[PDB]
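Chains as they are written, first to last, in the numbering used here: chain A, 1 to 214; chain B, 1 to 204; chain C, 1 to 199; chain D, 1 to 199; chain E, 1 to 202; chain F, 1 to 202; chain G, 1 to 220; chain H, 1 to 201; chain I, 1 to 213; chain J, 1 to 123.
The beta-carbon is built from N, C-alpha and C at its ideal position, and this holds for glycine as well.
Have a look at the structure below, then the notes.
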Amino acid sequence: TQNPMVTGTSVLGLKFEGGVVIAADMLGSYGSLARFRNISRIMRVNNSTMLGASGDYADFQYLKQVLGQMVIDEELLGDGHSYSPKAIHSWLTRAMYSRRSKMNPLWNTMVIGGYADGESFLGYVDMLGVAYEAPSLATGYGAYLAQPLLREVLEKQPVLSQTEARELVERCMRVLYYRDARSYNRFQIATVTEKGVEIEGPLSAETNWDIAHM
Amino acid sequence: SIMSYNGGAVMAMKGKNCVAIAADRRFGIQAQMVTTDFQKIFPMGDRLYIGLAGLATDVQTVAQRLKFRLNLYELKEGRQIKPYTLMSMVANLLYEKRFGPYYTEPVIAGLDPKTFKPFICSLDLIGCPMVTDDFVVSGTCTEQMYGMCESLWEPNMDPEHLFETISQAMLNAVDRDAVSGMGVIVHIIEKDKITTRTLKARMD
Amino acid sequence: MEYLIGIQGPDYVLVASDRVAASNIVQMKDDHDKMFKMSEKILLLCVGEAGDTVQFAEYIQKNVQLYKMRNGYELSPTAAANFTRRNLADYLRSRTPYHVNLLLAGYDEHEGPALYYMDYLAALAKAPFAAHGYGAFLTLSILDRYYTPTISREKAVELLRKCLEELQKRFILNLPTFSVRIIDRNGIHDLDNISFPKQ
Amino acid sequence: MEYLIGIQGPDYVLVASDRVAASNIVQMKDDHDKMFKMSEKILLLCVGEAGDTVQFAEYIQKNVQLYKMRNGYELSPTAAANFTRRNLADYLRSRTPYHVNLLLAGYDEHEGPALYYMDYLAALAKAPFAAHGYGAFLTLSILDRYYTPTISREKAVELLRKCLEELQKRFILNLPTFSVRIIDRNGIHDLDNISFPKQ
Amino acid sequence: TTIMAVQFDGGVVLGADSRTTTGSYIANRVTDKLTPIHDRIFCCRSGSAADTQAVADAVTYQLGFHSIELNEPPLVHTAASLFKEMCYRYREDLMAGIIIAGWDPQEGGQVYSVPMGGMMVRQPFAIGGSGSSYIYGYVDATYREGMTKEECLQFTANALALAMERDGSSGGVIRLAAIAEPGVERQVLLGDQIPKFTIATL
Amino acid sequence: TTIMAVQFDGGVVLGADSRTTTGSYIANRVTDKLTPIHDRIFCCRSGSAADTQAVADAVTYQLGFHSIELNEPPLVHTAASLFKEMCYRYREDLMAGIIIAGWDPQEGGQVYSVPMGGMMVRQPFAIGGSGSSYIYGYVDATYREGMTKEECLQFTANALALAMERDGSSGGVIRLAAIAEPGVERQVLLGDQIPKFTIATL
Amino acid sequence: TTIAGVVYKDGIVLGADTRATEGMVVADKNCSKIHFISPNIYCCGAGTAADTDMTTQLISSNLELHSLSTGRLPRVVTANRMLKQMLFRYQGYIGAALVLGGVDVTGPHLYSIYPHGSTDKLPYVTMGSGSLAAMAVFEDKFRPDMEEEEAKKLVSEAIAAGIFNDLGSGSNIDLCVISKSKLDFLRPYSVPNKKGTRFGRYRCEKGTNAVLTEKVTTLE
Amino acid sequence: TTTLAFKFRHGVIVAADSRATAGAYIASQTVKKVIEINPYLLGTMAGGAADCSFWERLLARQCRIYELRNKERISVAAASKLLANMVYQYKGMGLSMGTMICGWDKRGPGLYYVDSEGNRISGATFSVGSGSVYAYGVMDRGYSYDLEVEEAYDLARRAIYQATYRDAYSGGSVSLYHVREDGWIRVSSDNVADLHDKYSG
Amino acid sequence: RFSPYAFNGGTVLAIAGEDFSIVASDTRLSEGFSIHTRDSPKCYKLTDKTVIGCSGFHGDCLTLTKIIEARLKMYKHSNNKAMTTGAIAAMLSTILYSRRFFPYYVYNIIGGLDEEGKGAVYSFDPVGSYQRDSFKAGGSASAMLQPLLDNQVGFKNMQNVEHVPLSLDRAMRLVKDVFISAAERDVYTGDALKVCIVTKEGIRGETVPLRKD
Amino acid sequence: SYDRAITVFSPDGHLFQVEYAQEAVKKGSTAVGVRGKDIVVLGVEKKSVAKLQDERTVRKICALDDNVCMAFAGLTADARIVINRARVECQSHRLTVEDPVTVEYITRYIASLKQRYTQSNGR
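This is the structure:
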């Protein structure tokens with residue numbers, strides 16, 4: 001896929017004490033047009049893993065289909081082994097790199113959030129096969145607009161509670177709405193904890209416009 | 001690509017009450033060496049020198065036009081130019097060709113007349129001045145020169161330590177660059193004397 | 001491609017140039033002089049783009065002769081080399097640039113012999129010996145190997161013959177004859193052409 | 001650029017080729033054989049892209065010798081020329097095209113002498129004389145001017161010498177020596193190299 | 001960018017979004033795209049910000065000097081003609097789509113479109129900018145003759161809100177200006193003041 | 001081209017213009033862009049005519065064979081999935097934007113958009129083609145939940161008429177199809193039957 | 001480069017980083033990016049450094065002439081108008097991106113100026129390669145009518161975000177506070193980065209370097 | 001890069017410089033550009049270092065297999081033909097290799113130039129690389145078939161040294177090998193600085 | 001268009017001693033003007049006597065390190081012994097040349113012990129041309145580090161200075177100092193420095209902070 | 001696509017197809033080779049002379065190359081196949097190696113071809 005058609009904007013991820021939180025707006029943009037305004041860009045992989053994608057939405061739907069089938073097959077085996085978030089992240093890295101090496105990339109940037117064995121997992125996979133782990137993540141323009149705020153907070157406070165992490169993610173979504181021309185004020189927040197994956201939405205940031213009188 | 005057509009490397013370094021300026025001596029066209037004594041460091045005063053790296057034609061043209069303007073300045077004003085004033089004059093000369101630029105990046109090393117405070121600076125090809133307190137480099141091996149100078153430079157060096165530092169920096173930096181070298185010339189400017197030396201260098 | 005070579009001795013400059021004028025695959029001329037006499041003791045050797053070479057060289061020649069007429073004395077070889085470089089450099093960024101490569105050989109009564117190399121970018125260098133063309137790649141190393149500063153003019157001519165024989169042996173182009181001149185305190189002298197007549 | 005020439009007499013074919021192997025500006029080899037002996041009475045002269053020439057010529061040589069081994073008699077020069085053309089034409093539109101220009105000189109006991117010209121596009125022509133290279137532009141007119149069908153082999157050698165002397169005089173490339181062979185009823189004979197030695 | 005102007009019996013209503021982008025980055029989210037050219041003459045600007053700002057400054061200068069010389073309030077058509085001359089003369093160098101709207105004693109409320117290329121046309125209402133494509137059908141179906149000032153303000157607010165919801169190059173606040181003989185009334189619709197249209201779900 | 005589909009409680013309404021152009025030349029002014037895929041499943045096609053015709057034929061074939069094998073009426077989602085698989089697999093070779101609309105016993109009336117690139121989304125209503133950009137604001141302002149079949153037909157006719165008046169690539173007649181459990185009702189709006197919106201003058 | 005500016009209740013705070021890179025190599029560790037225009041007007045610069053320096057010097061000179069002629073304090077609007085007309089006439093070829101801040105008889109004013117000649121009058125602006133990080137800080141934490149200390153902390157935070165997230169920014173934070181009664185040019189205001197402490201001692205001794213020729217000229 | 005080889009009465013002299021560059025940056029001054037293919041065959045490295053090393057290692061493998069199968073060492077002409085046939089399959093794919101295959105077989109001393117462009121020529125003297133024109137100049141003046149062994153060593157060292165003097169991409173050390181009838185020997189590796197002190201002084 | 005490569009920065013350095021080898025790298029992963037993460041070591045333990053440092057396109061680095069681990073396990077299965085450092089270098093050369101026409105954009109440095117127990121460093125180019133060195137730098141700051149390693153380890157351009165063997169502590173100091181100097185000037189080198197020391201006792205890991213800008 | 005195993009081991013360790021091919025050889029006309037100091041001589045019996053047959057067409061001695069020749073016993077058509085393959089091999093060897101084959105080289109090639117036909121499917 002050299003030319004992405006319908007694309008999603010930044011996806012945010014943040015580790016906290018006891019889980020991971022991921023945020024993504026519900027917009028499928030067709031170039032500059034906001035064509036699709038009620039699409040979810042977050043999927044539950046299994047009880048321990050969730051995924052959010054920026055970029056081409058058809059490629060994301062393809063990956064959702066393939067991953068869902070893999071999880072179904074493993075659950076069919078019924079042998080007491082399930083894919084960890086780390087295993088999903090590794091498989092995604094391999095798939096993206098294989099597509100890149102065939103010069104037929106999947107045009108996506110993916111954030112993998114997970115909670116397994118008392119441990120949080122946050123992983124980044126881009127369309128070239130660049131993959132890494134970090135305590136906070138942001139794709140696209142979020143990398144320039146949300147990641148500095150997340151990093152500043154994590155610098156003065158490495159371990160966040162769930163409430164603090166959610167508030168921080170809300171502030172970052174508000175900044176992205178202010179400054180990214182491909183964003184929308186209707187987003188979802190997915191949290192993975194010991195209890196599993198929970199996806200909340202649609203949600204809106206509270207915006208301030210008083211500077212318009214200045 | 002154009003700036004690398006003839007190769008070349010110039011470096012200036014600040015001492016306690018002294019300055020040092022060093023240049024490679026090769027004149028060549030792409031891979032072929034033509035001569036090994038090309039002048040890149042020109043005196044603009046008793047204690048003021050400018051080193052030019054870049055196209056050899058623009059090295060010579062800019063040195064000659066700067067000498068034109070400096071001679072006129074020092075005749076109109078019965079004084080020697082200060083290093084800051086020389087830097088401003090060079091920047092004006094380079095910016096006059098903002099869209100047709102000379103392909104040289106000057107380095108200025110000197111002592112303040114009547115004050116003898118060391119001054120070093122570098123300029124880009126369109127005349128953006130950068131004054132530092134430790135060292136400036138210019139030419140085709142600036143990364144190597146940065147490694148050497150950042151590792152070796154120390155504050156308040158006496159002229160002999162300054163000579164050793166700038167010599168080792170230049171020698172090891174140009175040993176690692178294909179189109180620079182064939183000898184190094186170093187000028188040490190103190191308040192009472194100027195010392196010129198040529199270093200023993202690789203000739204390959 | 002056209003060949004120029006200069007070798008500076010203690011009290012003379014020896015210069016040589018190929019005598020071929022070529023268009024496409026045919027040698028149009030086999031006795032072509034690439035040397036220009038600026039003054040009694042200055043030779044300008046020019047190669048490069050057709051038309052540019054003669055225009056620039058004759059412009060310089062006119063100006064040097066005019067200097068002599070105006071002032072009653074001649075330009076020194078260093079002054080002439082710098083005047084040439086300044087004019088070439090001014091033309092480089094103008095609307096009529098000259099694509100010429102030059103050797104300036106001269107003798108000064110006080111400074112002795114001088115040999116100058118100038119590329120088409122108008123960088124001026126002083127060299128004990130120099131060469132221009134693709135054939136310079138094949139002969140500069142021979143000059144490096146055998147040249148000494150104290151070389152006599154007969155040894156200089158022999159060394160030049162070595163360089164030209166190397167051109168015969170290894171250079172793809174046919175360059176069978178060379179014009180040879182020497183400048184000293186008595187002016188410019190034309191030596192015998194060094195030729196390699198094919199059977 | 002490499003030179004090939006063939007002149008067909010009443011009972012012989014005379015062929016000559018330059019002996020230079022060049023890369024960039026340097027003559028790497030000065031005794032390079034561009035002739036390939038397919039059979040007792042067939043010579044293939046090949047010039048063109050480096051690598052392609054020897055690969056194609058040796059492929060043809062292998063097939064002609066294999067034909068002789070399989071059948072007990074040799075291919076005639078016309079059959080060999082057509083086999084060569086067919087193979088070159090098949091390769092032209094394939095994934096491994098050969099950029100080669102060929103002369104095929106042969107003697108047949110019944111058909112007499114034969115000379116064939118083949119361009120890299122694999123067009124086959126029969127000619128009383130032919131030439132390949134940039135030097136063909138300088139010598140085909142001399143051959144047109146002086147050739148007669150009844151030309152004897154000594155007059156043929158003299159005419160070839162005229163063509164090669166013209167190459168020395170006018171061609172920009174240095175081509176000082178040529179390999180010369182003659183095919184007749186007694187097979188292939190190597191004549192003395194025609195050389196023009198630089199002083 | 002979405003700009004709009006509507007004529008009503010005694011004046012005009014102008015409206016714009018406030019978004020200035022550089023690519024996908026919003027460089028100014030509270031841009032003022034309604035520019036007073038004279039006491040009762042405004043321009044809405046779309047296209048290159050440098051080009052429209054320069055041309056509006058030049059036309060303001062020329063119109064002010066002309067009005068001083070004539071000792072007469074400027075005609076809206078005169079300002080539109082000045083904009084047209086500038087935009088046509090430099091059509092190869094400018095990216096500027098202008099709406100010129102205002103009030104005259106001689107002509108009443110007037111709306112002129114000077115699109116890219118430098119043509120000039122008077123219209124009952126004009127829309128422009130990248131967002132304007134999304135509301136062509138809406139304004140075609142909604143506009144009716146004889147609307148009052150309040151109806152025109154509501155029409156402009158609704159159209160601008162719809163364009164801002166669809167067009168990624170538009171957004172921020174809605175700036176409105178009603179020009180009549182008594183003067184100019186400017187307002188900003190922001191937040192919940194902006195007309196809301198529910199997203200269709202299920 | 002403008003294509004549109006709207007869901008109502010017991011079915012769907014589909015609509016299209018009838019213009020097929022080659023450049024600025026109208027090669028077919030009465031094109032039928034509403035294509036039956038199955039007895040109660042239609043597709044609206046936009047983009048390359050060869051591509052959409054080929055894909056619709058292939059999906060008709062696959063869906064018919066699948067329905068025979070299962071001995072069950074096809075699901076609208078199944079037809080949308082077949083279209084999505086074909087359009088995603090050959091996204092580099094196809095220019096096809098599809099709306100798949102129809103009725104199911106299990107799911108009722110359904111509208112799916114398969115835009116270029118091969119993504120698939122269910123929507124309360126979908127628009128597509130080159131003309132659809134001009135009516136985004138109109139359909140956003142006009143659509144309301146709980147419309148009847150007649151309201152949906154009028155909504156589709158109005159939106160298509162507005163797009164056809166603005167978009168040079170759209171025009172001709174309006175083809176409408178109401179799909180419900182009883183069957184398919186097709187109609188053509190032509191001439192004075194097409195909704196009219198007065199051009200604003202003065 | 002990260003440059004930023006805010007309007008606070010009593011004036012303007014301008015801020016900049018001090019790193020100047022040539023390509024991907026740090027050329028200048030302490031670059032001054034906040035430029036004097038007039039005793040009440042300053043300008044931070046990004047883009048082509050030579051263009052920024054020359055444009056600010058020219059406008060500063062013209063405004064000095066203007067203020068000598070009128071005998072009055074320069075206005076920020078005049079500097080903005082001169083800068084934008086000059087930049088527009090050059091059609092973006094002069095690559096100066098400017099944050100222009102001052103306090104005049106009309107109060108505090110802050111403008112962003114882009115190389116093609118467009119300007120924006122805003123209560124806070126950022127510019128340069130780190131501009132989006134600094135802008136994120138501003139949109140998270142800006143409030144109107146901040147106090148001077150609050151504004152200084154906010155601008156330093158925005159510059160620090162640029163410094164720690166943009167590869168083209170680094171070194172020190174420089175501030176310039178302008179009010180109707182004072183001008184504080186705080187350089188450096190903060191030093192968040194320092195060279196690491198040396199664990200060793202390179203061999204650098206007299207006599208290490210071999211010398212072919214030597215020439216000593218005595219100066220009078 | 002400058003590599004040279006020449007045949008003479010006492011065998012084959014092979015010499016090379018040792019500098020590898022990446023643009024203007026000198027990546028290495030200690031590259032071994034004379035490849036010891038086996039105890040009886042030498043090759044040279046000009047063009048792509050990886051290309052020459054890989055394909056001459058493949059040649060070494062094929063030569064060893066040939067010796068095992070035939071109970072005879074491969075001839076120099078046969079080995080160079082193998083290498084040329086191997087690289088011809090990749091013509092136009094961007095391989096860059098210019099090498100000299102040197103040895104001593106039943107036909108005496110053997111010297112072949114093989115390049116990635118398909119050339120394969122026997123010869124008495126060859127020089128390959130960016131500095132090969134300067135080496136050609138010095139070598140041709142100094143060369144004769146009847147050189148003594150020490151004179152041949154000096155000629156090779158001098159030619160490589162002059163090439164490194166004139167060519168920006170040649171430098172480092174000069175490695176010198178002598179192919180004799182019973183195999184090759186690594187003669188010397190002299191730094192260009194020592195050579196300069198011996199030649200200029 | 002689609003470019004299958006990215007420049008991810010990072011610097012790797014290796015120094016071979018008499019009985020040790022050192023492989024050190026910066027831990028910053030970046031793209032364009034951004035920083036992906038500050039904790040991304042470029043050093044990978046291959047065997048108890050061998051470490052590899054990889055810089056360049058990070059996707060290629062991950063893929064190649066996984067391929068090398070697989071090949072080491074396959075060799076152990078087939079030959080019933082662990083791979084030596086030299087065999088690993090030869091195998092890596094073949095692996096890198098196997099993609100000669102669509103290359104791994106990776107600069108590899110192997111630091112380890114040879115069979116005699118001496119330090120060995122192998123440097124590779126992206127297509128597998130490799131050689132043994134006493135010291136080597138690769139990556140974004142390699143042209144900054146290399147001349148100082150020449151001066152200090154190689155004693156180049158210095159006269160009347162003895163060639164004392166490089167001890168482990170002096171080597172560690174030199175590595176730390178050279179990386180601090182690189183962090184000064186190269187925008188890609190920063191955050192932290194990871195140092196792996198390979199001796200006959202095994203592999204020891206150390207971390208030294210670098211400036212965060 | 002015919003992939004039957006024709007040559008298989010018998011319970012006593014024998015390859016019966018090879019033994020039957022040897023029995024086919026034993027029915028061929030006698031061939032004698034003698035290796036001398038400066039000469040090699042081949043001689044073949046003609047089991048019958050038809051008196052109407054063109055001799056040149058039924059020769060059992062043929063040249064593989066300039067320096068190599070062979071006689072055979074057994075099946076004539078199999079011999080023709082083998083001889084043609086050896087001739088192609090000799091030419092290819094002259095190409096890839098710039099020398100003619102040794103007798104042992106072409107013998108090794110012929111023997112390996114025969115062995116391949118004793119251990120491959122469908123022949």
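Anything in chain G within Cβ reach of residue i, meaning under 7 Å, just list it in chain order.
| i | result |
| --- | --- |
| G127(B) | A50 |
Using the Cα positions of residue i and residue j, report the straight-line distance between them to the nearest angstrom.
| i | j | result |
| --- | --- | --- |
| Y109(J) | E89(J) | 8 Å |
| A193(H) | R202(B) | 6 Å |
Any idea what DSSP makes of residue i, helix, strand or coil?
| i | result |
| --- | --- |
| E107(E) | coil |
| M93(H) | coil |
| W184(H) | strand |
Since residue i meets chain H, which of its residues come closer than 7 Å, beta carbon to beta carbon?
| i | result |
| --- | --- |
| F135(I) | Here the premise fails: no neighbours, minimum Cβ distance about 11 Å. |
Using the beta-carbon of each residue, which ones in chain D are nearer than 7 Å to residue i?
| i | result |
| --- | --- |
| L113(J) | Residues of chain D passing the Cβ test: none, with the nearest at roughly 17 Å. |
| residue 171(J) | Any answer about residue 171(J) is impossible in this case: the structure gives chain J only from 1 up to 123. |
Which residues in chain I have a C-beta closer than 7 Å to the C-beta of residue i? List them in chain order.
| i | result |
| --- | --- |
| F199(G) | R173, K176 and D177 |
Which two residues bound the contiguous alpha helix (DSSP H) that contains residue i?
| i | result |
| --- | --- |
| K162(D) | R153 to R170 |
Problem set entry | Minimum length 4: unbroken alpha helix (DSSP H) runs contained in the stretch 132-210 of chain G | 148-165
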